[PDB]
Every structure is written in structure tokens, then in C-alpha cells.
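Below you will find one chain, with nothing else, as C-alpha cells; this is the form deposited in one PDB entry, and questions on how it binds or moves follow later.
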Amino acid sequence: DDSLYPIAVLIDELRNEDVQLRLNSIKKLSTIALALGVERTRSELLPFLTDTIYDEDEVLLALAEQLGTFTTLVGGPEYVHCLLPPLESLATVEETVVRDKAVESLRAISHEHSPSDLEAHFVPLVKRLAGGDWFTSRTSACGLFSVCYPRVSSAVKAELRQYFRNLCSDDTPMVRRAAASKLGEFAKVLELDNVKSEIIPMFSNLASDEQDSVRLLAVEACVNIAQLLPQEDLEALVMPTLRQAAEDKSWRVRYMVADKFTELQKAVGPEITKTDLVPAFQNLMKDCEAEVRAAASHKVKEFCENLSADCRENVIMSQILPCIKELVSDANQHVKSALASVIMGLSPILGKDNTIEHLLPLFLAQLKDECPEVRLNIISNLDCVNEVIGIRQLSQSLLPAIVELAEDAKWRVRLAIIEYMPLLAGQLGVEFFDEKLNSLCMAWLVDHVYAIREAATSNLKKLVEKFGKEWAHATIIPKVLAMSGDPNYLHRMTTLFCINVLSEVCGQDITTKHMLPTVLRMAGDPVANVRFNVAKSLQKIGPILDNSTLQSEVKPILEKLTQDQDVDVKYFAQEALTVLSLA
């Protein structure tokens, strides 16, 4: 029969010993189903999909995806309910990934369904799935309560609410965790009057539950309930729950509360935030666990930012700053690391006077700290503080630390300060840079870490694009040309890198007048790496150079280099000649 032949080839594939052929067949089932047509596809789907269930879970995953997108094959809403029975068995299966793939597909197709079909077929299906005797079916049914709620009738809504309450009251914890996770979405779908009537009793039971995982999931879901509930009601509705969660003995619950502290502050309301969340935050900041302290340090800024600016600074100076000071000298790497990155953004929030009075000594301590992680964060975020404090005051306060950190053993620390140097160069002026910051750039250039050298070259380009070309011509070119004499070939490559980088801003005239003869002299070096890099620089500066010089000086040299024994050098000289089209 027309329906039978595609069903037969699929059977042959299912009976095939090679699982790969079966996987290829189920992955290419979409087209086979296109051929069947509305009349034969649906007649094939019910019996065949029940058979496919008895296959590798990987094969089950393949059809899961296929079905999730097979709305076109069914005539439409009229025939979509035929897809429900297979999906139901695919959702109730043991393996987690296929169950997740099924429930999400069910959620996706739930919208395409008509309300009459929803009440007629989807509601009995979800009732059966929630009433299943195994935990996988209950966990799957946890995910369909929200989607079907807005279109069913009031009696069906009450029945769904009762089934959800029964699922939340389940003795199995795996089911409770799935219900706690979906509680926020269900409350979002649920009406405010119905939320206060049913969501709050179900939520309190979970918050007070002995299991820690269901507790942390509850405190995470509390954000949505706090959003929906009026602010006036939150004082007597969820505030006891938040206090219990903050004072919970399990550190995981406290960590989850700390992670979402900013969301709770935003949802509850700024006024209620200061009255009921400031002692809690102070206690959470001063906790006996490292992770909660780390999480708290991360939100230190967001919590300060979302405070009402009416007394925000007072609140910080009176309650936050003492906690931060205590936390700065904490004997843990993670808390210091997180606080260092977050603390910089607090400068503008605090009044300008407060920064110099309190943030700068804390910053100098974090800069002098032996810990490598804290200092690197401070330097990376050091860009913001420049605006809050006048440059003359800022330079006096941090330059002592900057000049000590410029020679820090860790290359990553040096890499960051090099990147930040352009800002100080522009802010202070050319005279300041020449007087004290130039030797730092030179020592950075001659450093033995290649990454440091590349960063120094990029820095050189960044300061020369704003400090003027003539200034570098009269001050930097004589200094850099000296480095070519260095015995190591590696340091000679640094000279070539900087010649290549600054040629663009110096222009053809300067390149020909002073550094072109230096490159020409360096070209005669014995090391093949030097000859290989000379050719590279000559190719790059060739467009900058005039055609007459190219032919007069560059061409004959490239011709000699092409005759060099080293295949590597000859090849690159030929490439440079072709690029410049001199030959």
C-alpha cells in the first residue's frame, strides 16, 4: 500500500543490526513523512511511533526533534492532537534528555492548539501524566501546567491548580524540585487573586522544607512572586520567608539568596529594601562561609547603585563601608578577587570627598597586596576612577603604586598596566611622560616576555598617535634605533616590530631618512630569523615607500635575498617581491 511501503523501509531500518543506519533513517524521516501526505502520515504515526519507542534512547532523541517540528505534516489544529499520544510516551520515558526534549516540544506545540482541543485532549493528557505512578511522568507534567492555563475554563483552572498543589505536596523530592522550579512560571501565568489564594501556601511549605535543594529553588523562585504581589502585601507575605532563607543553616540557601540579592531588592521596593534587607545583607556579608561572602562582594555595587539616592551615600558610609573595610583584609583569595573588580565602580556613587577619604587607602592596600589576582582586577578597572578624582590628586595618590607595579613579576599584571598607559599619557601630558614614564616604556620594550613586547609596541603606537609625530622623531627614534645592537636576535626582532609599527605614523619621508638604512644594515644579519623578519617589514613598508626608492634600494636587496640558501627566506623574499610587484 502507499502507506505500507515507507512503513516497511522504516521497519527494515529498525531491524537492521547497524544502529547508524537506523539513526540516519530516523534523522531523514521528515522527507519520508512528506511523501506519505496528510492521509497516510497520521495513520503511520500512531502505530509506528509506539514501535519506535522500543529503540536506542539516541534514536528516541532523533524523533523527539522531528516531532517537535512536524506541525506542518498534520493538517493543522484539527489533527495536531494526534501528535499528543506519541509525545506523551516520549515524555514519560526514563532518560532525562529525551524527556526534556519532549516536554519542551509539547510546550512549543501547546500554543498551536485550539482551546476546545486543549480542554478535550491536552487537559486529560496532563492529568494522566501528573497522575502517573513514576517520578519521570510527574516531572514531565510539571512543565505543562503553565502553557495550558490561560485558555482553559475556570473549573479546568481549579482542577489544574489542585493537581499542581498535589504535585508540590509529593513525597518524592525529584518531583518537588521540578515543581519548585516551575513555581515561578506558574505564578506568572496565574492571576494575582489566585496567586495569593494558592501560590503562597504551596511556596511556604517548600521554603520551610527540610531538603536544601528545594529550599534554594524556592528562594530563587521567590523573585517572581515578589514581582507580581503588591509592595504593600510583601511586608506580611514573603518577608518572613526571606528572613528565614537568609537565616537558614544551609550555606547553599544563603548563597542562592545572595546571588539574587539585587533582583530581590529591585522587586521588593527600595524603601522596603533598606528597612528589611540592610541588616540581612550586613549579616550575609559577615557570614562564616566563603562562598556567600564572595557572592555578597559581587553584588556590593549593584546593591549600592539600586539604593534610593536620597540617603544612598549615608547608608553606604554608615553600614556598607565598615563591612567592606572588614572584608578587604579577609583571609581568602576568592572574596578579595571579586571585591577588587566590583569596588572600583563605587567611586562615583560615593560622594567625591568620600573616595579620597576611604576608597583610595583601601585601593592602595589592594594594590600592595601579595595576592596576584586582586591587583590584576584593580588595574583592569583602573580606567573609571580617573573621572571621579582630579588627575593631579589621582596621580599623586596612585603613581607610587603604578611605578612599583610596572615591574611586577607576573606578565599579566604588566600587560594590563601597559594597556592603561595611553590614558595616563594623554591625561598628564607629553612633558610628564618624558620626565618619568619614558624609561618605563623602554624597559617594557626590552622585556624578555614576547607578549609584553607586543603590548609595548601597541602602547608605543597608541601614545604616538596622540603625542605628535615630530616628538617621537626627535625623542623615540634615536632611542629605539639603539636597541638594534642588542646581541640576542629576539630583541632585534623587537626593534623590527617597532620600526614596522611606527613607520605608518612617521610617514615615508622619515622612514627613508633615518630607519630605512638601519633596516638595510640589519638585513645582513647571519641569523635566518632576522632575514625572514626583515623581508616581512620590507614588504609592509613597501607601499609607504616611494616607487623610485623601491626600485633603487629595495629591489636589488630582495633580489639578493631570493638567491639566499634558506628556502624559508628565499620564499618570503619572493612573496614580498610579488606583493610589491617590483619584479
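Think of the rigid core as the biggest set of C-alphas that the two forms share within 1.5 Å after superposition. All residue numbers are counted from 1 along the displayed sequence.
Separately, the form deposited in another entry exists; it is not shown, and the next lines address it.
Superpose on the core and compare between the shown form and the other one; which one of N205, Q227, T512, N166 crosses the 2 Å Cα shift mark?
Spelled out, the residue whose C-alpha shifts by 2 Å or more is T512.
Taking the rigid core as the reference frame, tell me whether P150 has a CA displacement of 2 angstroms or more between the shown form and the other one.
No, shifts by less than 2 Å.
Superposing on the rigid core, I want to see if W471 changes position between the shown form and the other one - specifically a Cα shift of 2 Å or more.
The answer is yes, as the C-alpha of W471 shifts between the shown form and the other one by 2 Å or more after core alignment.
Once the core is aligned, does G426 move its Cα by at least 2 Å between the shown form and the other one?
The answer is yes; the displacement is at least 2 Å.
Over in the other structure, so in the other form, do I109 and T50 pull closer or drift farther apart at the C-alpha level? The difference is 3 angstroms or more.
Relative to this form, closer in the other form.
Have a look at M174 and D55: in the other form, are their Cα atoms closer together or farther apart than in this form, given the change is 3 Å or more?
Closer, not farther.
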